[PDB]
């Protein structure tokens, strides 16, 4: 039907033959515009062994507009809301039709490995992240242990 739908389906096929490293995604039921993603916690992070779930909402004009991505699993991170809302450039103003869910997930993993405190979504976690790195790592591990695994 639409170009967005064909895009989402070819993208789904590319994901079923070349899945991103440490990541997977797919349709929640029969709707193609509603996906669920899974990111297993990166090893270069206090998020290890944890399995994190995300929701993905594709816009009606999708490849020309960014996907709404949010965490389902609770997580202790400077750029991630308590609503699971993500502060990521490529999901807002650095978006482009070239970017794909594969690239978005990979980018989110990179965001878990190396947060951006300069543009915090949780001010306090960012402040702790650039004053008490031990406290940050510690709490991150704990929250990784009570919600992820």
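Positions refer to the first chain, counted from 1.
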Response to the item:
Comparing 42 to 50 with 59 to 67, the higher average Cα temperature factor in the PDB entry belongs to 42 to 50
Worksheet item: On average, which has the higher Cα B-factor in the deposited entry, 29 to 37 or 100 to 108?
Response: 29 to 37
Worksheet item: What third of its chain's C-alpha B-factors does residue 85 belong to: lowest, middle or highest?
Response: lowest
Response to the item:
Chain thirds by Cα B factor, record data; residue 5 belongs to the middle
